[PDB]
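Chemist: Sequence, then structure. It's an experimental one.
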Protein chains: 2
Amino acid sequence: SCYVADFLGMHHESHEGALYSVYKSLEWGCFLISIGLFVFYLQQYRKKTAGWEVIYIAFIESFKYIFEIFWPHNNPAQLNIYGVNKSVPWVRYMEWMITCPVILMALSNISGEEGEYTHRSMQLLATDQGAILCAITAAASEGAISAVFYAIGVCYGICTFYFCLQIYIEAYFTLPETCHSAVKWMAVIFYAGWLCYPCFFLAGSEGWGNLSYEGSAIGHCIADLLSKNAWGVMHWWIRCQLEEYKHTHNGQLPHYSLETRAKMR
Amino acid sequence: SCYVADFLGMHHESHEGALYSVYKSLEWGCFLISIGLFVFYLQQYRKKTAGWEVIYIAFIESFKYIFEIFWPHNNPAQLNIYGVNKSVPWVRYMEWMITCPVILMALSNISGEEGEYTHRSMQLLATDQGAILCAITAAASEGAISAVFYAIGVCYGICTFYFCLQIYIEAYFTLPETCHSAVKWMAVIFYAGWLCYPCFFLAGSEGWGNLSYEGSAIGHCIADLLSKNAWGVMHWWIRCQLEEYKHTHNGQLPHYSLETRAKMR
Ligand SMILES: *C/C=C(C)/C=C/C=C(C)/C=C/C1=C(C)CCCC1(C)C
Ligand SMILES: *C/C=C(C)/C=C/C=C(C)/C=C/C1=C(C)CCCC1(C)C
């Protein structure tokens, strides 16, 4: 009556092949980009173009990726769940929980002024929290429980996406014209990246697919380069454009308040 | 070369004694209080005295406690971690992650007006997120890793407590006189309850103590009755007093803006 574990990273694997090389190279590249962006944002801080949100995101991502590179499978980075015989990437989900709220806070503070926050920002944060928590619970469970939690997380995510779309449209119609193009791209980067995470979940060992750990982590690396680093670069670019507009227009941005939008789409 | 699990709730335990009876009675009582407060807040919603935060907190607490009563040890409510041989109360920590942000959001929105949120509210939310995530990581790990994560969570918690103290002092010096007493009590209920969670952690199977699951859960039940239900009742009471003041004073609360405080203590 023995019990062998058979979790990811316990039995020795012949880590060879082009896919593993690409995997490690992409982790190293993401770490390097994150740390470089961290330094660059630290230098840009004094010009009020890079807020604490992007710096924190880059910092946390750098630690995430260094732990991935050197201790991907040693706990607590890998949570080994016994009865379900599952391997949860707890480092990945912890990084999600840290950053996604900060990404949404930066989105709600795209310009940096005071008094622009609203109750809907807090509701957005709550929905994102629920979505990611239910994703973790689905990852740590099996069977119908996992599917139910995935569905609840999907509902939370639909609400979160609707709120974020409202924020993006408001930013587009309030921010100066010079930023409009940038905003569109950022929105794409927001939706192209985020939407990747739910699908990999279905295709990986978590969920009901059969992706290798390396392929799933490669997809997550790309989705992180998109959702975090590119999104932060766009955020910093937009803030720089806003600073230039402030310099050209006596320091004040155009003032729109107590209006309505979102008609039709 | 066999491996027996020995997690909480696997080997049959003779669930008998006065302590178990008190344990189950307190879980049932907390569930009943939470659901009753949920209904009561739903009725009070239309008078703008009970916000969505307390309703959500009561709702989530009711589900937490029903799952505790009926499936405390079945996963995903109990995460069984293999190499570390630990039993993480994932339902408890999920409920923490859901509610603590909402409690802080309600604290930052004690009055309910628009434009009262600030960047410091978002930083507070980030610090609370980090604190609870590090608490979970410590719970799921062992040895020096757990101690290090506990220390980082403690630092996050000190920052969170400092921010909350600032919020409480601002509420005390901005809200009407009639509410001052209430505010003090709420602060106590906030600090008496929250400070209980770090200590039980040290004394339980999580951490480095030897509390029984039942005693730890009893302590957590009391700390939840204090931090959530009593705190929500005080929040609703304060909002009712504010509504009365608004009725007596043409609907507007006293207006204080762009001032400073926190000198000395
Ligand atoms: C930096 C990391 C980010 C932005 C991660 C985002 C992750 C998601 C949006 C995940 C969503 C979901 C799952 C992965 C599974 C359950 C269903 C969702 C939609 C909540
Ligand atoms: C509704 C539940 C609440 C308010 C739970 C609160 C929990 C804490 C404040 C926990 C704090 C910590 C630990 C339990 C362990 C690690 C150190 C702390 C301070 C982050």
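Modeler: Looks like it came in fine. Residues are numbered from 1 along each chain as shown, chains lettered A, B, ... in the order given. Ligands and ions are numbered 1, 2, ... in the order given.
Chemist: Could you pick out the residues of the stretch 101-250 of chain A near ligand 2 for me?
Modeler: Taking CB under 6 Å from any ligand atom as the contact definition, the stretch 101-250 of chain A does not meet ligand 2 anywhere. The C-beta positions use only the backbone N, C-alpha and C, and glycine is treated the same way.
Chemist: which residue ranges form the strands in the stretch 101-250 of chain A?
Modeler: For the stretch 101-250 of chain A, no strands are identified by DSSP state E, counting those that start in this stretch.
Chemist: Would the lengthiest helix in chain A count as contacting ligand 1?
Modeler: Assignment by DSSP state H gives helix A:144-174 as the longest helix of chain A. Yes: with CB under 6 Å from any ligand atom as the criterion, ligand 1 is reached by helix A:144-174 at A:150, A:153-154, A:157.
Chemist: Take the residues you listed and, keeping just the buried ones, write it as a PyMOL select command.
Modeler: With 16 or more other CB atoms under 10 Å in any protein chain shown as the burial test, the buried ones among the residues of helix A:144-174 next to ligand 1 are selected in PyMOL as follows:
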select buried, chain A and resi 150+153+157
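Chemist: Pipe the residues of helix A:144-174 next to ligand 1 into a markdown table and attach distance to chain B per row.
Modeler: Shown next, in a markdown table, are the residues of helix A:144-174 next to ligand 1 (distance: CB to the nearest CB, whole Å):
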| residue | distance to chain B |
| --- | --- |
| A:150 | 12 |
| A:153 | 12 |
| A:154 | 17 |
| A:157 | 15 |
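Chemist: Let me have the residues of helix A:144-174 next to ligand 1 in TSV, extended by distance to residue B:260.
Modeler: Below are the residues of helix A:144-174 next to ligand 1 laid out as TSV (distance: CB to CB, whole Å):
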residue	distance to residue B:260
A:150	48
A:153	43
A:154	46
A:157	41
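Chemist: residues from chain A in reach of ligand 1?
Modeler: Applying CB under 6 Å from any ligand atom, we find that chain A lies next to ligand 1 at A:96, A:99-100, A:131, A:135, A:138, A:150, A:153-154, A:157, A:194, A:197-198, A:201, A:224, A:227-228.
Chemist: Derive a PyMOL selection command for the buried subset of these.
Modeler: Buried members of the residues of chain A next to ligand 1, defined by 16+ other CB under 10 Å, are picked up in PyMOL with:
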select buried, chain A and resi 96+99+100+131+135+138+150+153+157+194+197+201+224+227+228
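Chemist: Break down chain A into its helices, ranges please.
Modeler: A:18-44, A:52-70, A:90-108, A:119-140, A:144-174, A:180-194, A:196-203, A:213-224, A:231-248.
Chemist: which strands and helices sit next to the third one?
Modeler: Pointing back at helix A:90-108 there. Judged by 3 or more CB pairs under 8 Å, 6 or more residues apart in numbering or on different chains; DSSP states H and E, helix A:90-108 is in contact with helix A:52-70, strand A:78-81, helix A:119-140, helix A:144-174, helix A:231-248, helix B:119-140.
Chemist: how far does it sit from the chain's center?
Modeler: 6 Å (CA atoms, centre = their mean, to the nearest Å).
Chemist: quick one: that helix to helix B:90-108, angle?
Modeler: 20 degrees (axes from the mean of the first three to the mean of the last three CA atoms, to 10 degrees).
Chemist: Now the nearest residue to residue A:3 once chain neighbours are set aside: phi and psi?
Modeler: Nearest residue to residue A:3 in three dimensions, chain neighbours excluded: residue B:3, at 4.6 Å (CB to CB, 6 or more residues apart in numbering or on different chains). Backbone torsions for residue B:3, taken as degrees, to the nearest 10, come to phi -140, psi 110.
Chemist: pretty sure residue B:3 contacts residue A:1?
Modeler: No: using CB atoms under 8 Å, residue B:3 is not in contact with residue A:1; the gap is 9.6 Å.
Chemist: ok, residue A:131 - contacts?
Modeler: By CB atoms under 8 Å, 6 or more residues apart in numbering or on different chains, the contact list for residue A:131 reads A:153-154, A:156-157, A:160.
Chemist: distance of residue A:218 from residue A:68?
Modeler: In this view, residue A:218 and residue A:68 are 12 Å apart by CB to CB, to the nearest Å.
Chemist: quick one: buried residues of stretch A:5-22?
Modeler: Buried positions in stretch A:5-22, judged by neighbour count with 16+ other CB under 10 Å: A:7-8.
Chemist: Could you give the separation of it from the chain centroid?
Modeler: So, by CA atoms, centre = their mean, the centroid of stretch A:5-22 is 26 Å from its chain's centroid.
Chemist: Next: stretch A:74-83.
Modeler: In terms of CA atoms, centre = their mean, the centre of stretch A:74-83 is set 22 Å apart from its chain centre.
Chemist: try stretch A:144-159
Modeler: Worked out by CA atoms, centre = their mean, stretch A:144-159 lies 18 Å from the chain centre.
Chemist: Also stretch A:221-231?
Modeler: Offset of stretch A:221-231 from its chain centre (CA atoms, centre = their mean): 7 Å.
Chemist: Write out the residues of the stretch 51-200 of chain A neighbouring chain B.
Modeler: A:52, A:56, A:75-76, A:79-84, A:90, A:94, A:97-98, A:101-102, A:105, A:109, A:114-115, A:117-119, A:121-123, A:125-126, A:129-130, A:133, A:137, A:140-141, A:145, A:149 (CB under 8 Å from any CB of the partner chain).
Chemist: Show me just the buried residues among those residues.
Modeler: Buried subset of those (neighbour count, 16+ other CB under 10 Å): A:52, A:56, A:75-76, A:79-82, A:84, A:90, A:94, A:97-98, A:101-102, A:105, A:109, A:117, A:121-123, A:125-126, A:129-130, A:133, A:137, A:140-141, A:145, A:149.
Chemist: Could you double-check that residue A:170 sits in contact with residue A:259?
Modeler: No: applying CB under 8 Å, one finds residue A:170 not in contact with residue A:259, separated by 9.1 Å.
Chemist: Looking at these two, which one has more neighbours?
Modeler: Set residue A:170 next to residue A:259 and count neighbours by other CB atoms under 10 Å in any protein chain shown: residue A:170 wins out with 18 against 8.
Chemist: The closest residue to that one other than its chain neighbours: how many residues sit nearby?
Modeler: Using CB to CB, 6+ apart and skipping residues adjacent in sequence, the residue nearest residue A:170 is residue A:261, 6.3 Å away. Burial of residue A:261 is recorded as 11 neighbouring residues (other CB under 10 Å).
Chemist: again with residue A:238
Modeler: Residue A:238 has 22 neighbouring residues, counting by other CB under 10 Å.
Chemist: The closest residue to residue A:194 other than its chain neighbours: what's it in contact with?
Modeler: Take residue A:194 and drop its neighbours on the chain: the residue closest to it by CB to CB, 6+ apart is residue A:227, 5.8 Å away. With contact taken as CB under 8 Å, 6+ apart, residue A:227 is in contact with A:103, A:189-190, A:193-194, A:196.
Chemist: so how far is ligand 1 from residue A:112?
Modeler: Distance from residue A:112 to ligand 1, counting by CB to the nearest ligand atom, to the nearest Å: 22 Å.
Chemist: again, but for residue A:88
Modeler: To ligand 1, residue A:88 is 12 Å away according to CB to the nearest ligand atom.
Chemist: swap in residue A:53?
Modeler: For residue A:53, the distance to ligand 1 - CB to the nearest ligand atom - is 12 Å.
Chemist: again with residue A:188
Modeler: To ligand 1, residue A:188 is 14 Å away according to CB to the nearest ligand atom.
Chemist: Residue A:109 is in contact with residue A:51, correct?
Modeler: Yes: taking CB under 8 Å as the definition, residue A:51 is a contact partner of residue A:109 at 7.0 Å.
Chemist: State the distance from residue A:243 to residue A:178.
Modeler: Distance, residue A:243 to residue A:178, by CB to CB: 12 Å.
Chemist: out of the two, which sits in the busier spot?
Modeler: residue A:243 (15 against 12).
Chemist: Excluding residues flanking it in the chain, which one is nearest the more buried one?
Modeler: Nearest one to residue A:243, counting by CB to CB, 6+ apart, is residue A:49 at 6.0 Å.
Chemist: And for residue A:236?
Modeler: Residue A:236 sits nearest to residue A:50 (CB to CB, 6+ apart), 5.1 Å away.
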